[PDB]
Amino acid sequence: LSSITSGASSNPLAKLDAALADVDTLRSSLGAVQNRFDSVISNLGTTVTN
Amino acid sequence: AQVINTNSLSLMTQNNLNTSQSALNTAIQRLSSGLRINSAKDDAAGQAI
Amino acid sequence: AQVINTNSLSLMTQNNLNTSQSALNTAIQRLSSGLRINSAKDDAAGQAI
Amino acid sequence: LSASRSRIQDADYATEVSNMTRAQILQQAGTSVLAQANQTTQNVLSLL
Amino acid sequence: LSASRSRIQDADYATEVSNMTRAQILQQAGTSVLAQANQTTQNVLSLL
Amino acid sequence: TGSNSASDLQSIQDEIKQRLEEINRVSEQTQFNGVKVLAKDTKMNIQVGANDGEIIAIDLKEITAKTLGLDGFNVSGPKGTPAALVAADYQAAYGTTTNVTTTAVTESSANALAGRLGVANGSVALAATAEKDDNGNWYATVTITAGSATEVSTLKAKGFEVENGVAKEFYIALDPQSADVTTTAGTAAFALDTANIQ
Amino acid sequence: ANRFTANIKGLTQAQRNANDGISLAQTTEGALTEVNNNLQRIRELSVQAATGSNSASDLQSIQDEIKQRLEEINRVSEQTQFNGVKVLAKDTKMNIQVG
Amino acid sequence: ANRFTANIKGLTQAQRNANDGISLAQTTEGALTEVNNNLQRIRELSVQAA
């Protein structure tokens, strides 16, 4: 039952590269968010002391 | 003048200690891992490349 | 800040040693055995060939 | 290609040791001053 | 088979070393604060 | 620098976007006893004596992303003002003995992008030809107009800043080697898949 | 003075909320990393299987390994969570109180 | 001091861009060598057919 197959896809390597691109875009967005968050903590600390 | 109900130097030093703590943590991590970009927080543009 | 009930760097480094350990294991085995494909886990496609 | 990738993401092991040794000392010198700061309240207690 | 039992049975070291350190620090802090707490009620006598 | 890639610049640009946002936030949230201290450019008097008329001046100034001149700061996109295409560019892209003399830009599915944005048709319109910036890269032009305030709000919420009743143009990059050149003699035809672009 | 002390406590609570947000971001990023590694392996297999000197029985081996790797992505997608919130589905934005 | 900080932080990245340039220049020459080795053979062959 492993020899009853479907049709082979076309232009595979382009599809794989597109997928990798999407993953990288998401990771970049998350990194931007974290870098933004850290400054908030610093600011809050100083403000409450004052 | 002399007040005891609140002390304002200790707050400043407590605030001023975390800044060093963070750099210590980063330098510790890089040594063990072996490389500079451990997450996209470091720099996103180089990670993709 | 300063906490003693848990330490979160030691966890990171413990986590991060095992990566090196597995590479050392594979490199050691390939030397003594004398060949590259020791189990199907290496590459199932070439073992049949 | 391997060399060109190596230049981008690998560590230094000469800068990092220095950064660690600087941060340790400054972290250690912070706490003594913190201990000094708390004591300055105790002056007033003598007035009574 | 020997490998599989080893996985089931043996003890890690790094975890236990860290647990040793963790348990030591708490013990020392506990003793110090316990003395501090026993000391508290002396001031009651001053009223009299 | 000169050895980057088109897709990388987006990453740097979004980080810059967040950093820009933080300045405005801090400017318009900080207060001292209910007085906003980083806006409106007034001065502030303090009473320091036993007779009226004895004060000391303190002056404030507004700091934002606009009063500093950084409004609309950007590092990705075309450089300079786009112009038209001439014979030399067609020859450079396809060869010295080339047939093409015009370009034509369309959409894959009619009125798709306005559907994705969430505003009524007739607020989004496409150009019909291609253009080039100062360095020889090809681009397509889009124009957006808002009809009411809520349209501005939705567009901002999805990442586009624009003022109602005012046209503004955004650009989309093209690849000269992927054009269709065999259907109609002397015309390179581009068809955008606007339903899925990032 | 009452107004000042009203301001202070809120800011402290804001600090706490920000820390929770940072935790959430880190969790998601770890899951993404593992997905990336799986994709790289599939890519290499695909280049392996495009040569013209292979026999029709071989391609099944590559195909079944590809099948397992593909199933991995779906399972990691639908099993990761943070405090009851499934973070790798549904295309939503998630607001934090920071003031 | 602030204006010194700006220069240090900028020059540090300026140093990285240069290594990128060295890498590109290094990559091209390796490709050039094989072109050279093929031409060097063709000329010898063409000597024989005369």
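Definitions and cut-offs
- Residues numbered from 1 in each chain as written, not as in the entry; some residues may be left out.
- Chains lettered and ligands numbered in written order.
- Part of a larger assembly, values for the part shown.
- Heavy atoms only, no water.
- Core = buried A, V, L, I, M, F, W, Y, C linked by side-chain atoms within 4.5 Å.
- Buried < 20%, exposed > 50% of the residue type's maximum accessible area, 1.4 Å probe, protein only.
- Helix = DSSP H or I, 4+ residues; strand = E, 2+ residues; numbered from the N terminus.
- Contact = heavy atoms within 4.5 Å.
- Polar contact = N/O pair within 3.5 Å; in protein donor to acceptor, adjacent residues only side chain to side chain.
- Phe/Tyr/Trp six-rings, centres within 6.5 Å; stacked < 30°, edge-to-face > 60°.
- Axes fitted to C-alpha atoms, helices over the stretch in contact; angles between N-to-C directions.
- Parallel < 35°, antiparallel > 145°, perpendicular 65-115°, else oblique.
- Left-handed = near helix turned anticlockwise from the far one by under 90°.
- Buried area = accessible area lost by both parts, 1.4 Å probe.
- Salt bridge = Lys/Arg side-chain N within 4 Å of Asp/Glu carboxyl O.
- Nonpolar A, V, L, I, M, F, W, Y, C, P; charged D, E, K, R; others polar.
- Patch = residues over 30% accessible without salt bridge, like charges linked within 9 Å, V, L, I, M, F, W, Y side chains within 5 Å.
- Areas by Shrake-Rupley, 256 points an atom, 1.4 Å probe, with all protein chains shown as cover.
- Expected span 1.5 Å × (residues − 1).
- Pairing = 2+ DSSP bridges.

- Method-wise, the PDB entry is recorded as coming from cryo-EM, at a reported resolution of 3.4 Å.

Comments concerning the nonpolar core
- Ranked by internal contacts, the top residues of the largest apolar core, which has 13 residues, are G:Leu39, G:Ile62 and G:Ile66.
- Listed by contribution, the elements that provide at least two residues to this core are α1 (12–49) of chain A together with α1 (2–48) and α2 (58–79) of chain G.
- The element contributing the most residues to this core is α1(G), with five residues.
- Leave out the neighbours within four places in its chain, and G:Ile62 touches C:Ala45, G:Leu45, G:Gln48 and G:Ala49.

What to know about the environment of F:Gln47
Residue and element names in this part refer to chain F.
- Assignment of secondary structure puts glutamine 47 in strand β3 (residues 43–47).
- Sequence-distant contacts of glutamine 47, that is, excluding residues within four places in its chain, are made with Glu54 and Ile55.
- Polar contacts involving the side chain of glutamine 47 include one to the main-chain carbonyl oxygen of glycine 49, which spans 2.3 Å.

As for the packing of aromatic side chains
- For the coordinates displayed, the defined rule picks out three aromatic pairs over all chains.
- Aromatic side chains F:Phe32 and G:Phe4 sit 6.1 Å apart centroid to centroid with 70 degrees between the ring planes, which places their arrangement in the edge-to-face category. Within this pair, whereas F:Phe32 is found in strand β1 (residues 31–32), its partner G:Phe4 is found in helix α1, the two belonging to separate chains.
- The exposed category is assigned to F:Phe32, whose relative accessible area is 56%.
- Here the aromatic rings of F:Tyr139 and F:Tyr171 are separated by 6.5 Å at their centres, their planes lie at 85 degrees, and the arrangement is edge-to-face. With F:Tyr139 in strand β8 (residues 138–144) and F:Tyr171 in strand β9 (residues 168–173), this pair connects stretches of sequence that are 32 residues apart.

Some remarks on the packing of α1(G) against α2(G)
Residue and element names in this part refer to chain G.
- At their nearest, the axes of α1 and α2 sit 10 Å apart, and the two run at 160 degrees to each other. Judged by the angle between their axes, α1 and α2 are roughly antiparallel. Handedness of the crossing formed by α1 with α2: left-handed. Residues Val35, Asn38, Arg41, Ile42, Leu45 and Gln48 of α1 lie in contact with α2, whose contacting residues are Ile62, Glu65, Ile66, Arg69, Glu72, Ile73 and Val76.

Re the interface of chain B and chain D
- On the side of chain D, 20 residues touch chain B, which itself brings 20 residues to the contact.
- Together chain B and chain D conceal approximately 1,900 Å² of surface at their shared face, both sides included; 68% is due to carbon and sulfur atoms.
- Together, B:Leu17, B:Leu24 and B:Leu31 form the three largest contributors to the area buried by chain B at its contact with chain D, with a combined 25%.
- Linking chain B with chain D are zero salt bridges, by the criterion used here.
- For the side of chain B that touches chain D, the leading source of residues is helix α1 (residues 8–33) of chain B, giving 11 residues.
- Grouping the constituent residues of the side of chain B that touches chain D by class yields 10 nonpolar, eight polar and two charged.

Thoughts on a nonpolar patch on the surface
All names here are of chain F.
- Together, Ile23, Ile63, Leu68, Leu70 and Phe73 make up a nonpolar patch on the protein surface, roughly 430 Å² of accessible area in all.
- Looking at where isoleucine 63 falls in the secondary structure, it is placed in the loop between β4 (55–59) and α2 (87–94).
- Assessed through its relative accessible area of 42%, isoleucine 63 is described here as partly exposed.

Section: helix α1 (residues 6–29) of chain F
- Its 24 residues give α1(F) an end-to-end C-alpha distance of 36 Å, which sits within 8% of 34 Å, the value for a rise of 1.5 Å per residue.
- Considered for burial, the residues of α1(F) that qualify are F:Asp8, F:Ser11, F:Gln13, F:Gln18, F:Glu22, F:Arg25 and F:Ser27.
- Close packing links the buried residues of α1(F) with α1 of chain A.

A short note on the pattern of salt bridges
- Taken as a whole and assessed by the stated rule, the structure comprises eight salt bridges over all chains.
- Across the pair A:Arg36 and F:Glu22 runs a salt bridge, and its minimum N-O distance is 2.3 Å. With A:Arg36 in helix α1 and F:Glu22 in helix α1, the pair connects residues from two separate chains.
- Residue class for A:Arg36 comes out partly exposed when judged on its relative accessible area of 23%.
- A relative accessible area of 13% means that F:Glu22 is categorised as buried.
- One network of salt bridges, in which partners are shared, links A:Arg36, F:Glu22 and F:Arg25.

Points about the pairing of strand β10 (residues 187–192) of chain F
Residues and elements named next belong to chain F.
- Residue alternation in β10 divides its side chains into a buried set, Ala188, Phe190 and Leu192, and an unburied set, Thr187, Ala189 and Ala191.
- With six bridges joining them, strand β5 (residues 102–107) and β10 adopt parallel strand pairing. Within the sheet, the bridge partner assigned to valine 105 lies in β10 and is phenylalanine 190.

So, the interface of chain F and chain A
- Contact residues are listed per partner, giving 10 residues for chain F and nine residues for chain A.
- Together chain F and chain A conceal approximately 810 Å² of surface at their shared face, both sides included; 39% is due to carbon and sulfur atoms.
- Considering only the side of chain F, the residues that lose the most area to chain A are F:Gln18, F:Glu22 and F:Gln198, jointly responsible for 45% of the buried surface there.
- Counting across the chain F and chain A interface gives one salt bridge.
- Inspection of the region where chain F meets chain A yields three residue pairs in polar contact.

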